[PDB]
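Undergrad: Partial complex here, more coming in a sec:
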Amino acid sequence: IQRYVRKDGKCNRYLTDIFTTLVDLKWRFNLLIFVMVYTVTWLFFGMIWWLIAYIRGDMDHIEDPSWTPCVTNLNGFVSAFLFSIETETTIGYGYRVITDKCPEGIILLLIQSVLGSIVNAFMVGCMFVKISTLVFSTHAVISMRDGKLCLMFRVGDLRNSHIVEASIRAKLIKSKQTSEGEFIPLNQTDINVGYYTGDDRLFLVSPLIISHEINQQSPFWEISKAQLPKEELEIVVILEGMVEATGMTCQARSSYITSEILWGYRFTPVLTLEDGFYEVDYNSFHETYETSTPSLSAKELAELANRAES
Amino acid sequence: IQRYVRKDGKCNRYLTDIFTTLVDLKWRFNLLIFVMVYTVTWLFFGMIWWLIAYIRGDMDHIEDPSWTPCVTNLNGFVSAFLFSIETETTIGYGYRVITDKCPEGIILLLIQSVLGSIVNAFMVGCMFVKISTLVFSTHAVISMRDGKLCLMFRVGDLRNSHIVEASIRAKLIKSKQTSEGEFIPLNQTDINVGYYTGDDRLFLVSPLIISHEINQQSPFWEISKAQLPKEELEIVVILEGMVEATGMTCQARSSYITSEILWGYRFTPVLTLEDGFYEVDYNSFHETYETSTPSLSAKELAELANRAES
C-alpha cells in the first residue's frame, strides 16, 4: 500500500475457524446460541417420537387392551415434546412409561442421551474459554536535545491504569540499493531505543518520550531536513507490555511516514504538579510545539562540532 | 503524591469488572454465593410453577372429580416447591406428575432447564478459575567497596522455599533539564545492576546485597555526601522471579527515596555458617552498621586518585 502498517495496530470458506471464533463472542450471544441448540435438539427428538407414534396413533389411544398396537412412551398425542424434554434433560417423571417390552426403536433414546452429553460437553467447553489501551503520538518529532539531534515519539496509556514494565522496539523499513546493485524492496533496519544499555524496558506510569539518538550507527545518521521530505522511509514501533494481573505482552503497533515526522518541533509537557497530584492532560498529550532545532544534517552537525574543537 | 511508588508494590458502574473480581473470591465466599444463587432459583421457580395451577388449585385440590379440571400437576397449594426442586435438580420424582396431558404451559419447564444448565455452567466456570514473598531493605546504603564507591540494597526471600531465576532491574526517576531548556518531569535512566554481564539474572538462596557500582555511566557519578541529601531523586527496583516449587512468575516492586538512601553504611551479616547450617537472622536484614567511607563523590574520588597520581 502507500502506508505499510496502519496507525491502529494492523498491517496493510472454512468450517473449523468459524467454530473457533464462535467461542470468542459476547456473553449474550453465547447464552443465546447455547439455548437455541438445546431447543433444536429437543424439537428434533420430539418429532422423532411422533414418527414412532405412527405405529399406534389410532389403534388403542385409550383402549388399553393387553396390546395397544405396540404402544411406546405411552403418549396419545403429537404433543409428546414432554417425553423428549424429560429424556434429554434426564428428568424422566414416569407419568409417561419410559417404554413397553414392545420392540420399538429404543436406539432413539440411546441417541438422545449420547447427543445431549456431547452437545452439553461442547457448550461447557465454549462457556469455559469465553469466561476464562496504549497510545502513541500522532506526529513523531525531531528535536535537538543535550547537544544531539534526536527522534522522539511519545508513549502513554489513556486509562488511569498503566501496564508497567513495558518494552519498546523500533524498525525502520525502507528500500535499499546495495553496492553490487541489489534492490531490496523492503529493507528492515533496527533502530536503537536503548537496547544496548538495557533502556528498552521502561515504566510508563506517566506519558513519556521514547528517544532515539541519531549517531553514526543509527539509520538516520545522514538524514537532513533537506532530503527528509522526499525519502519514503517508514518507522514501525511495537510495544510489548505484561499486564499487571496475569501479565502477557500485548503488541501495540504504530507507524510514522515521512509526513508524520516533523523537524524543528518537540512534544509539549503533559505533567504539571498541583496539590501533590500531577495534572496529566491527554488533550495536549499529542500536541507539539516549535523549538529552535538546527536544520543541518546530524553528520553535518558532528562535523561542525569537530571543526569547533580543532 | 511526592513519593512516586510506595514501598509495598503499589504506584502512587462496570458489570464485567465486578463479575471478574467475583470469580477471584475466597473458597468460602465462592461456595456461599454458589448455594445462594441456587436457593434463589429454586424459590422463584416454585412461585412461578404455583401460578400455573391457580385456576385448578382451589377447584379440586384433592377432590379429583372424574379427572376434570386436570391441573397439569398433582401438587397441592402448600409446599409445591418440591416440584421446583425436582425440575431444576433433574431428580424428577413421579409422586407429582411433571405435566398432565392437559396442555396449560409446558414452557415453564424449558425455562427452568436452560436456566439451571446455564447457572450450573457459570458456577462451575467460576469454581474452575478460583481453584486453578520477596523483601527489600528498609534503607538502601552507599559505601566504598573493593576500591570503588558503590550503592547497595538487600534483596531477600521471606520463605525458605526458593525463588529461582530472580532478575533485578533498577530505574532512577529524577527531573532532567536538557541543554535546549525543555524540562522532563519524570526522566527514567537505567542503573547497571549487572545487565551486561548477566549478573542481573541471579538465584537468591538467602538475602544477597545487590550492588551497583557508581561509575562514569552511573546516574550517581557526581554525587558527594553533601549532594545526596539535596537531591530528591527516587529509585524504583523490581525483582521478577519464579518459584522453585512451581513455575509461576512473581514481580515484586519497591522504592527508595532520598530519606531512605543512607551514606557511609554497610549491611550487617544475615548468614553465619556453623552447627551444620547457615544461622539465618531477618532481624539484622533491615538493620545496618556504619562504616568509614570517603565523603567525596565517586567522580571526586577518581579525581582524588588522579591527584595521588599527580
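TA: On my side now, so go ahead. Numbers count the residues shown, from 1 in each chain, chains lettered A, B, ... in the order given.
Undergrad: tally of neighbours for residue A:11?
TA: Neighbours of residue A:11 under the rule other CB atoms under 10 Å in any protein chain shown: 11. To be clear about C-beta, it is placed using only N, CA and C from the backbone, and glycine gets the same treatment.
Undergrad: Please list the residues of the stretch 1-150 of chain A that sit near chain B.
TA: Within the stretch 1-150 of chain A, the residues that sit near chain B (CB under 8 Å from any CB of the partner chain) are A:31, A:34-35, A:38-39, A:42, A:76-77, A:79, A:81-82, A:85-86, A:89-95, A:120, A:123-124, A:127-128, A:131-132, A:143-147.
Undergrad: Quick one, which of those residues are buried?
TA: For the residues of the stretch 1-150 of chain A next to chain B, a burial check counting by 16 or more other CB atoms under 10 Å in any protein chain shown picks out A:31, A:34-35, A:38, A:42, A:76, A:81-82, A:85-86, A:89, A:91-93, A:95, A:120, A:123, A:127, A:131, A:143-145.
Undergrad: out of those, which are inside strands?
TA: In strands, judged by DSSP state E, the following of these are found: A:143, A:144, A:145.
Undergrad: what about the helices in chain A?
TA: A:17-22, A:27-52, A:81-88, A:107-131, A:298-309 (DSSP state H).
Undergrad: Can you say which of those helices is packed in most?
TA: Mean neighbour count (mean count of other CB atoms under 10 Å in any protein chain shown) peaks for helix A:81-88 among these, with a mean of 22.
Undergrad: Also, this goes in as chain C:
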Amino acid sequence: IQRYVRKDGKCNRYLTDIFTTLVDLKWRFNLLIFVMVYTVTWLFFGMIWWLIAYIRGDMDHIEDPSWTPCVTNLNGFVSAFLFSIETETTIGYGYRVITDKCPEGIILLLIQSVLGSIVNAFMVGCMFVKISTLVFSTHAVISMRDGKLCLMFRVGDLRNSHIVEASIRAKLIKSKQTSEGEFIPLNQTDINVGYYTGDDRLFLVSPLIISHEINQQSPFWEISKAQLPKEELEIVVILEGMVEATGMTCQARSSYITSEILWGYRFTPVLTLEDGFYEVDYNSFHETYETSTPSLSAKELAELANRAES
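TA: Let me add chain C to what's already shown:
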C-alpha cells in the same frame, strides 16, 4: 545420519503416553470413541443386571405373586438393557423399580453410579483439552552485499496474515578439530544474524532475506568457493515468531548441507510493486538467479582488500 536435521522440522507399550496422545485426537475420532465407550459401559451394566436377577428371573417373573421372590427390579429377562440405560444416564423412569424388598443385593447400582460419574468426569476433561507456518529457502545462497561477502537464506511466511516479532537463531554444527587433538563429532558454533545489533527480533510482512556477514568472528570466515563443496558443515536455523492474529510460538528447523549452500546466487524478489500494489508470490520464493559473486575466500578477499588499501 548423512543429514543431521531434516528439512521439515525433525531431527534425525506405555499406557500413560498413548492415553496422553489419545486426548490429542481429531474431533470426529474423539466423539466416536466417546459414544462407543458410553455404549460399551451401558452394554456391561445390562448384562450384570441379568445375573443379579438370575435367581428370581423365573421364580416370581412367571408367578407375578405378592412379595414372593420379588425380583431386584420389576423387569423381564429380555430387553433388560432399558434398566441399565435408565440407571447409568440418571433418567430413573420408574416403570422398572430401582430396588425391591427381598433385594438379593443392591450393591451393583452403587458401582454403576460411581463408574458412570468417573467416566463422564474423565471424558469431559479430554474433550476440554482437545477443544481448548514458515518456509525456508531450499538453497541458502552466498552473495556480495554492501562491499562484503554474505551468507543469506530466505524466510517466508506462507500465511497471508503476517508473522510478527520473529527471532532467528543460526547454529553451525561441524566436526571441529581442536589444537589439543580432541575431535569433537558435533561442535556447535553460533552464527551472528544480528543478535548484538538487535536485528534478530525481526518483523516480516513478506518473505525476507536473513543475512549473515562473514567477518573474523564468523564460523565460515575462511570457507572458500573451491572448498564450499568439500566441507561437511551443516547449518540449523530456528525461527520463533508470533502471528499477527495470535501470539503463537513455533519452531522451524532447517538444514543447509554443503551442497545446498550455493556460491554465486541471490534470491528472487517475492514482492511485486504496481503503483502501490504489493503482491506476494510463494511460487518464486525458492528461485535464485546468479551473480558474479567473488569466488575468493572471505578471509582471503579481506586480506586482498587490505593489501590494496596499503
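Undergrad: Could you re-examine the neighbour count of residue A:11 with chain C now present?
TA: Residues within reach of residue A:11, counting by other CB under 10 Å, total 17.
Undergrad: Enumerate every residue touching it.
TA: A:4, A:5, A:253, C:162, C:205, C:244 (CB atoms under 8 Å, 6 or more residues apart in numbering or on different chains).
Undergrad: For chain B, state which of those residues is nearest.
TA: Within the contacts of residue A:11, proximity to chain B (CB to the nearest CB) peaks at residue A:253, which comes in at 22.4 Å.
Undergrad: Residue A:237 is in contact with that closest one, correct?
TA: Yes - between residue A:253 and residue A:237 there is a contact under CB atoms under 8 Å: 7.0 Å.
Undergrad: Provide a list of residues in contact with residue A:91.
TA: With CB under 8 Å, 6+ apart, residue A:91 has these contacts: A:85, B:86, B:87, B:90, B:91, B:92, B:98, B:113, C:91.
Undergrad: Quick one: those as CSV, columns for distance to residue C:49 too.
TA: Shown next, in CSV, are the contacts of residue A:91 (distance: CB to CB, whole Å):
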residue, distance to residue C:49
A:85, 27
B:86, 26
B:87, 29
B:90, 23
B:91, 22
B:92, 21
B:98, 26
B:113, 29
C:91, 15
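Undergrad: Need the overlap of contacts for residue A:253 and residue A:237.
TA: Contacts common to residue A:253 and residue A:237, judged by CB under 8 Å, 6+ apart, are absent.
Undergrad: now the sequence for chain D, which goes on the structure above:
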Amino acid sequence: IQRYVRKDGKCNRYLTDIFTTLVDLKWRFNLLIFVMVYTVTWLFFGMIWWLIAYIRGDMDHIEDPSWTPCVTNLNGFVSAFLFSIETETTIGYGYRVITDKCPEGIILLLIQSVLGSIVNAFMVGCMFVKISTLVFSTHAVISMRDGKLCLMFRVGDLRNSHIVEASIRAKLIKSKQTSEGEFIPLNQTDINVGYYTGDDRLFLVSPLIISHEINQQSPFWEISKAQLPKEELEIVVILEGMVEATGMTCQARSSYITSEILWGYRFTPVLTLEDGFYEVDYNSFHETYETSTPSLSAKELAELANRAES
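TA: Adding chain D to what we have so far:
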C-alpha cells in the same frame, strides 16, 4: 551445609497446601479418593434419613392402614440408603415416595443437592488440574582446549527428544572477601558460558561439553591445580530447555565442589561412530580420562606465555 546445592536439583499446620498436594496425586489415587468421598456423602445422608425415621418409625410405616405417621419418604426400615442414592445422584424412581404433604422438614433434600453438586464440581476440578530428563557430568573437568585453559562440564538429555533452546547459566558461589574486611558468605559471580556471545541457547541432540574459557574476567583466573583443593569454590549450573512439541520449560539444577573439579581430564566422546554411523552411549557420558595439560595457573600461564613472547 557442606554442599550448598545437591546434585539432583535440590538446594540444601497448613489447611490450604494439603488440598494442592491432594490435586497433585496419581490418577488411581484421585479416582480412589473421589469414590471414597461419594460413598461417605451417600452413607452420611442415609443415616440422616434413618434419623428422620425417628418421628414415624412404624405407626403406619409398614401396615399403612391410615395416613397417620405418613412418612417423609415411604421407607419401612433403617436400610433407606436406596433413597439416599436416588436423591443425591438424581435417579429418583418414585417406588420410594419422594415427599409427602405432612413432612417435618424437606430442607435435607436441598442440603443433599447442594453438597452433591459441590462434591461433583470439586472432584471434576481436581481431575481436570491433574490431567491438564537433563543430566550432568558427575564431576566437572578443567582441561587445555584449543591452546587455552578451559573449564568443561558435559551436559545432555537422556531422552532422544530434540529439546530446543537449552539455555545454560553458571553461577560460582564463594566466600569472597572485600578490601573493607566484610566478606559476603555467599558471593554469586557470573561465569561466561556464552551469554555475551549468544551461544547460551545450545541444542542437546548429542551430549555436548559446555566450555567456559578462563580469562582475566573469569572467576578462576588465578586458580591452579595444586591450589584447587584448598579453595571452597562451588559451581551451580542451571539449564532451561523446551521440548519439541511446544513443551513447557524444564529447569535442571546441578552443582560441583572443589574436589569434584579435576585437572587434565577430558570427557571421552559420548557418541563414537560405529560402522559409519556415530553411536550414542549414555553409559560413556560420565566417563573421563587423564590428558596431558600444564599444571600452572591460568593467570600464571598467561604471564609465562607473555614472557616467552615478550
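Undergrad: so, the neighbour count of residue A:11 revisited with chain D in the model?
TA: What residue A:11 shows, counting by other CB under 10 Å, is a neighbour count of 17.
Undergrad: again, but for residue A:214
TA: Counted with other CB under 10 Å, residue A:214 comes out at 22.
Undergrad: any idea how far residue A:288 is from the closest residue to it other than its chain neighbours?
TA: Residue nearest to residue A:214 in three dimensions, not counting chain neighbours: residue A:298, with 4.2 Å by CB to CB, 6 or more residues apart in numbering or on different chains. Using CB to CB, to the nearest Å, residue A:298 is found at 20 Å from residue A:288.
Undergrad: Walk me through the domains of chain A.
TA: Structural domains assigned to chain A are A:1-13+A:133-310, A:14-132, following curated CATH domains.
Undergrad: want to throw the ones you listed into TSV with distance to residue D:264?
TA: TSV is the format used below for these (distance: least, CB to CB, whole Å):
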stretch	distance to residue D:264
domain A:1-13+A:133-310	40
domain A:14-132	58
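Undergrad: wait, which of these is closest to residue B:53?
TA: Comparison of those against residue B:53 by CB to CB identifies domain A:14-132 as nearest, at 15.5 Å.
Undergrad: is any part of that closest one close to chain D?
TA: Yes - part of domain A:14-132 sits near chain D under the criterion CB under 8 Å from any CB, namely A:90, A:94.
Undergrad: ends of that domain, how far apart?
TA: 26 Å (CA to CA, to the nearest Å).
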